[PDB]
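Would you mind keeping the following structure in view while I ask a few things?
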Amino acid sequence: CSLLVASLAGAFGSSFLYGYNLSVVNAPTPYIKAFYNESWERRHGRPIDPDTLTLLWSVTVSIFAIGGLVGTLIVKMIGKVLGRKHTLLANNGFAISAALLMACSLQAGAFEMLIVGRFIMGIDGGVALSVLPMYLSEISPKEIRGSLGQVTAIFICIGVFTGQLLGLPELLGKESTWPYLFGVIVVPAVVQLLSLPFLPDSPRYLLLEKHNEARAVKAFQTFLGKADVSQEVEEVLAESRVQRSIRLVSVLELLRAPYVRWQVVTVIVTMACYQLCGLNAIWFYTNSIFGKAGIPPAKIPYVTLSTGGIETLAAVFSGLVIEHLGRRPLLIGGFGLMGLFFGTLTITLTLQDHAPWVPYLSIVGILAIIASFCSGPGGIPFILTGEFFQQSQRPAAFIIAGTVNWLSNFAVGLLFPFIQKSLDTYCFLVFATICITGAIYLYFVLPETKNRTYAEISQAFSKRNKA
Ligand SMILES: O=c1cc(-c2ccc(O)cc2)oc2cc(O)cc(O)c12
């Protein structure tokens with residue numbers, strides 16, 4: 001009851017918006033480009049030559065990455081005081097401000113407004129996904145935590161799906177309706193503001209430093225559905241004592257430490273390959289990719305909808321495949337299948353003219369690419385990242401992984417149009433090479449981590465640390 005309500009509310013407040021804004025920029029792309037052309041003609045009197053327009057569009061699409069980067073560093077200062085629930089409500093405030101700055105951008109005719117709104121709502125994204133997971137884990141019993149991890153994954157997926165859905169030409173794709181594309185964001189924010197504050201805070205947050213015994217006890221009683229929660233309180237107090245008995249280590253000291261150099265290189269490379277694979281690239285430029293494959297323009301939005309649907313279905317299937325296959329074989333198989341399907345995509349795009357039914361092969365290839373992603377390395381890199389380190393929840397680790405995550409997303413978003421401009425019919429070879437290289441590296445380096453203690457994996461890594 002209360003558990004499910006809180007889970008749905010938090011996910012809808014943060015991860016749903018992140019997924020929506022991940023793939024809401026593709027459907028109105030031609031209209032926004034026309035707006036850029038018109039605004040520049042008004043302001044300067046000279047039309048934009050196409051490469052400058054493509055660069056401006058790339059900046060607009062990819063500045064979300066820098067927004068998320070600065071979010072995943074402002075969260076460190078915010079969470080020390082604002083907690084979890086109030087942090088999510090402030091996140092809601094960013095969402096309101098950013099959505100309103102989006103909606104009024106067209107009529108005012110100042111694209112600077114759109115850029116600043118994108119940056120703010122990117123800060124929203126980085127504050128969202130670094131506060132939601134801890135809250136979701138903390139408000140749930142031990143036996144269900146993995147289920148809520150799959151819940152946040154599924155809500156990100158459904159946010160992407162509904163973003164690809166609302167971009168349909170009939171609903172919110174017309175020339176007189178596209179501003180409502182960044183005006184829908186108000187509703188999830190409003191419902192989150194109306195739902196979340198009527199729930200108890202994070203009990204762990206209330207007991208680690210707030211020391212609110214009665215409030216924490218009430219929160220455990222409400223969330224766990226039982227009045228016998230003293231054992232959990234004692235367990236979390238013991239965990240707090242253990243953590244306070246261990247000295248914290250800084251990011252710079254962690255980097256200078258020789259016994260975790262291989263671990264940090266592994267996590268950095270895993271994040272770089274998980275975000276340079278190009279799934280976010282397709283999510284941003286699905287319309288352009290499917291148009292360049294020879295599919296008639298009359299059906300591209302529907303095929304994009306199919307992409308979103310299969311991506312959500314792959315998430316649902318992964319939610320159970322993960323618990324039974326593993327981590328290292330799953331990651332290696334996912335990246336290798338990414339490479340092979342990128343090869344079949346380029347062999348079906350290079351010779352699209354030979355037969356009429358080749359674009360259908362392109363669609364099937366993209367289908368399988370997204371399925372292999374979302375059922376494979378789609379979610380594990382966010383668990384394995386903690387799993388490497390001995391502490392297993394290192395803020396330095398989550399600072400050194402998120403930085404590379406957001407910078408790689410920035411690189412992909414700002415360079416994919418130019419990659420296409422260079423390699424119209426081969427632009428997926430670069431992503432295929434990246435994916436295969438990542439697969440090779442993590443096959444020769446990363447050892448299996450399921451049902452393994454941190455001591456054994458530390459021993460295996462030290463076997464290569466030469467120390
Ligand atoms: O927890 C996360 C989950 C996802 C994700 C995105 C798409 C999927 O089909 C499954 C998971 O991306 C992320 C990207 C980030 O930069 C940070 C995350 O925590 C996540």
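Each answer follows from the model by the rule given with it, or from the source it names; none is laboratory data. Cβ sites come from the backbone with ideal geometry, for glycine too, and all protein chains shown count toward neighbours.
Could you say whether any residue in the stretch 412-433 is surrounded by fewer than 18 Cβ atoms within 10 Å (Cβ to Cβ) and either within 14 Å of the ligand (Cβ to nearest atom) or assigned by TED's automatic domain parsing to the domain that holds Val127 (or both)?
No: zero hits.
Report, ordered by the first and then the second residue, all pairs with beta carbons closer than 8 Å, sequence separation of six or more or different chains, a first member in the stretch 302-314 that is under 18 Å from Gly173 (Cα atoms) and of a type in the set (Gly, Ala, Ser), and a second member that is within 15 Å of the ligand (Cβ to nearest atom) and in a helix (DSSP H, G or I).
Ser306/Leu367; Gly308/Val160; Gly308/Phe161; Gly308/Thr162; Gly308/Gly163; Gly308/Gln164
Conditions (1) assigned to a loop (DSSP other than H, G, I, E, B); (2) in contact (Cβ under 8 Å) with a residue 40 or more places away in the chain, marked per residue:
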| position | (1), (2) |
| --- | --- |
| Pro197 | no, yes |
| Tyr205 | no, yes |
| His211 | yes, no |
| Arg215 | no, no |
| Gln221 | no, no |
| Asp228 | yes, no |
| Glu239 | no, no |
| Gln243 | no, no |
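A quick yes/no check of all residues on (1) assigned to a loop (DSSP other than H, G, I, E, B); (2) buried (at least 19 other Cβ atoms within 10 Å of the Cβ); (3) of a type outside the set (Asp, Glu):
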position: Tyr20; (1), (2), (3): no, yes, yes
position: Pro30; (1), (2), (3): no, no, yes
position: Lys33; (1), (2), (3): no, no, yes
position: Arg46; (1), (2), (3): yes, no, yes
position: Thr54; (1), (2), (3): no, no, yes
position: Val61; (1), (2), (3): no, yes, yes
position: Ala65; (1), (2), (3): no, yes, yes
position: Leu73; (1), (2), (3): no, no, yes
position: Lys76; (1), (2), (3): no, no, yes
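Let's see how each residue does on (1) of a type in the set (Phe, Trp, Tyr); (2) within 14 Å of the ligand (Cβ to nearest atom); (3) in the same structural domain as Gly438 (by TED's automatic domain parsing); (4) farther than 13 Å from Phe373 by Cα:
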residue	(1), (2), (3), (4)
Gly309	no, yes, yes, yes
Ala315	no, yes, yes, no
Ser318	no, yes, yes, no
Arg327	no, no, yes, yes
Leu337	no, no, yes, no
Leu340	no, no, yes, no
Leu351	no, no, yes, yes
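Hey, another quick one. Working only within the stretch 169-214, note down all residues that are among the basic types (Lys, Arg), surrounded by fewer than 19 Cβ atoms within 10 Å (Cβ to Cβ) and under 23 Å from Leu89 (Cα atoms).
Of the stretch 169-214, the ones among the basic types (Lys, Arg) are 174, 204, 210.
From what's left, surrounded by fewer than 19 Cβ atoms within 10 Å (Cβ to Cβ): 174, 210.
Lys210, the sole residue that qualifies.
Pick from the stretch 158-186 the residues that are among the β-branched types (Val, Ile, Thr) and within 16 Å of the ligand (Cβ to nearest atom): which of them is nearest to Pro200 (Cα to Cα)? Can you show your working first?
Step one: filter the stretch 158-186 for residues among the β-branched types (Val, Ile, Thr), giving 158, 160, 162, 177, 184-186.
Now narrow it down to the ones that are within 16 Å of the ligand (Cβ to nearest atom): 158, 160, 162.
Values: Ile158: 26, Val160: 29, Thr162: 29 Å.
Checked the stretch 158-186; the qualifying residue nearest to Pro200 (Cα to Cα) is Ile158.
Does any residue of the stretch 280-297 turn out to be within 16 Å of the ligand (Cβ to nearest atom), aliphatic (A, V, I, L, M) and touching a residue at least 40 places away in the same chain (Cβ under 8 Å)?
Here is the first cut: in the stretch 280-297, the ones within 16 Å of the ligand (Cβ to nearest atom) are 280-284, 286.
After this cut, where a residue has to be aliphatic (A, V, I, L, M) as well, the list is 281-282.
Checking the rest, the ones that are also touching a residue at least 40 places away in the same chain (Cβ under 8 Å) come to 281-282.
Yes, because at least one residue in the stretch 280-297 is within 16 Å of the ligand (Cβ to nearest atom), aliphatic (A, V, I, L, M) and touching a residue at least 40 places away in the same chain (Cβ under 8 Å).
May I pose another question? Sort out which residues of the stretch 123-157 are more than 10 Å from the ligand (Cβ to nearest atom), hydrophobic (A, V, I, L, M, F, W, C) and assigned to a helix (DSSP H, G or I), and write them in order of number.
Taking the stretch 123-157 first, the residues more than 10 Å from the ligand (Cβ to nearest atom) are 123-124, 127, 131, 134-148, 151.
Those still in the list that are hydrophobic (A, V, I, L, M, F, W, C) too: 123, 127, 131, 134, 136, 139, 144, 148, 151.
Residues satisfying the conditions are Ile123, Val127, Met134, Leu136, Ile144, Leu148, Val151.
Residue check: is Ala401 in contact with a helix residue (DSSP H, G or I) (Cβ under 8 Å, 6 or more places away or on another chain), assigned to a helix (DSSP H, G or I), of a type in the set (A, V, I, L, M) and more than 11 Å from the ligand (Cβ to nearest atom)? Give the derivation first.
On the way: in contact with a helix residue (DSSP H, G or I) (Cβ under 8 Å, 6 or more places away or on another chain): yes; assigned to a helix (DSSP H, G or I): yes; of a type in the set (A, V, I, L, M): yes; more than 11 Å from the ligand (Cβ to nearest atom): no.
No: the conditions fail for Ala401.
Continuing with this model, one more query. Step by step: first the residues of the stretch 363-398, then only those that are surrounded by 18 or more Cβ atoms within 10 Å (Cβ to Cβ) and outside any helix (DSSP H, G or I), then the one that is farthest from the chain's Cα centre (by Cα). Which residue is that?
Only one residue tops the list, namely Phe389.
Would it be correct to say that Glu112 is more than 19 Å from the chain's Cα centre (by Cα) and within 17 Å of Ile383 (Cα to Cα)?
Details: more than 19 Å from the chain's Cα centre (by Cα): yes; within 17 Å of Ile383 (Cα to Cα): no.
Here the answer is no, as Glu112 does not meet what is asked.
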